[PDB]
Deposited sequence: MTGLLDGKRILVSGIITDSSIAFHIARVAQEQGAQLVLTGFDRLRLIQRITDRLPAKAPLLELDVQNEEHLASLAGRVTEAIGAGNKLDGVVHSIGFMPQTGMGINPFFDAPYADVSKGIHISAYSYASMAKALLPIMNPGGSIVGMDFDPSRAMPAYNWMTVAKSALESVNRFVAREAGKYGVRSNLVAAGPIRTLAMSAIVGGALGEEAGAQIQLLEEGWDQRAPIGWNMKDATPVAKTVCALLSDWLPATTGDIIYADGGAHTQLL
């Protein structure tokens, strides 16, 4: 008697057990969903992480920059879930921006090749995934992507913030296409979560950037009327599952904020 009982859902973006996608996958399985997972590059290592999930799930290779991976995705998912079965949900939890465009490097010093790679992986791929998977989605279906509120500029995030602005626009266009299939498309704008890259910047991977991210995180918990725990991805995973469910059936091309309400408060 789970929120997602009998739903077939594809979850991309698991790299470590701290990944937001790991928590999305875990909560979805606790709620009765049958998953199909996608991983990038380090598949053997990712399989060791996904073995820690409460239930078994097939793991498929997917590099969103690889046109052949995208062209074969629907076929490979259909083989994993059985012929005549379609997906009810798709989770895009993919993002990347090279250090030249996200970190200590000045905003003006990011070369376009790095910015373009970042936008391809972080924004364009939301449309690529929808193009590949909409033909194998059921009506009442739901596509969810991960966002970080880019309405205002902030230190260090730089070109990743620009990529999120592009993602929000892409989501609105994806909703127009998804609507033809009776499928919704939405983003979850999360507050800061201590994943691999976030733990590295706070850890000093130098001093100036580390301090900026610390100040940003402290301010977030301060502004949030219900507080914000950057070490806990569960409220974010629950929000994604709410959008994957049948309980937000008239919401599409939109953004749901799972940020403790921090974006609604100035001070």
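K.L.:
No C-alpha coordinates means not modelled. Give me those stretches of the deposited sequence in order.
P.N.:
Absent from the structure are positions 1, 207.
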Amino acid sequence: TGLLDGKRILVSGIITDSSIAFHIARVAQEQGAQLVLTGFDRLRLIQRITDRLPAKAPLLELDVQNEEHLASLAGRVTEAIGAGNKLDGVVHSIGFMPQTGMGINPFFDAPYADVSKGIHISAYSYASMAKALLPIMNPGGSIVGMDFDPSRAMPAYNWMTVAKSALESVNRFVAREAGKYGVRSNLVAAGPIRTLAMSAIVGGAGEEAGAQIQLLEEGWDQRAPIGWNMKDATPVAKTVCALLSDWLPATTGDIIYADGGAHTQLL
From here on, numbers count along this sequence of modelled residues.
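Rigid core (definition): largest C-alpha set, two forms, superposition within 1.5 Å.
K.L.:
Return whichever of 60-68 or 216-224 has the larger RMS Cα deviation from the displayed form in 7 other deposited structures of this protein, where every structure is aligned on the rigid core.
P.N.:
Output: 216-224, the stretch lying farther off on average in 7 other deposited structures of this protein.
K.L.:
Averaging the C-alpha B factors as listed in the entry, name the stretch that ends up higher: 206-214 or 41-49.
P.N.:
Taking the mean C-alpha B-factor of 206-214 and of 41-49, the larger value falls to 206-214.
K.L.:
Between 81-89 and 122-130, name whichever shows the higher mean Cα B factor according to the PDB entry.
P.N.:
It is 81-89 that shows the higher mean C-alpha B-factor.
K.L.:
Taking the values straight from the PDB record, which of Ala33, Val240, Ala224, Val64 has the highest C-alpha temperature factor?
P.N.:
Largest recorded C-alpha B-factor: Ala33.
K.L.:
Identify, among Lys117, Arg194, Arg184, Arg176, the residue whose C-alpha carries the highest B-factor in the deposited PDB entry.
P.N.:
If I rank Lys117, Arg194, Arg184, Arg176 by C-alpha B-factor, first place goes to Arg194.
K.L.:
When the modelled residues of the chain are sorted by Cα temperature factor, does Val236 land in the lowest, middle or highest third?
P.N.:
For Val236, the deposited C-alpha B-factor lands in the lowest third.
K.L.:
Going by what the PDB entry lists, where does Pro106 fall on CA B-factor within its chain: lowest, middle or highest third?
P.N.:
Within its chain, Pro106 is a highest-third residue by C-alpha B-factor, going by the deposited values.
K.L.:
Classify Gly145 as lowest, middle or highest third according to the C-alpha B-factor given in the PDB entry, relative to its own chain.
P.N.:
Lowest third, going by the recorded CA B-factors of the chain.
K.L.:
Looking at the entry's B-factor column for C-alpha atoms only, identify whether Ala189 ranks in the lowest, middle or highest third of its chain.
P.N.:
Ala189: CA B-factor falls in the lowest third of its chain.
K.L.:
Is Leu73 in the lowest, middle or highest third of its chain when residues are ranked by C-alpha B-factor?
P.N.:
CA B-factor rank for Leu73: middle third.
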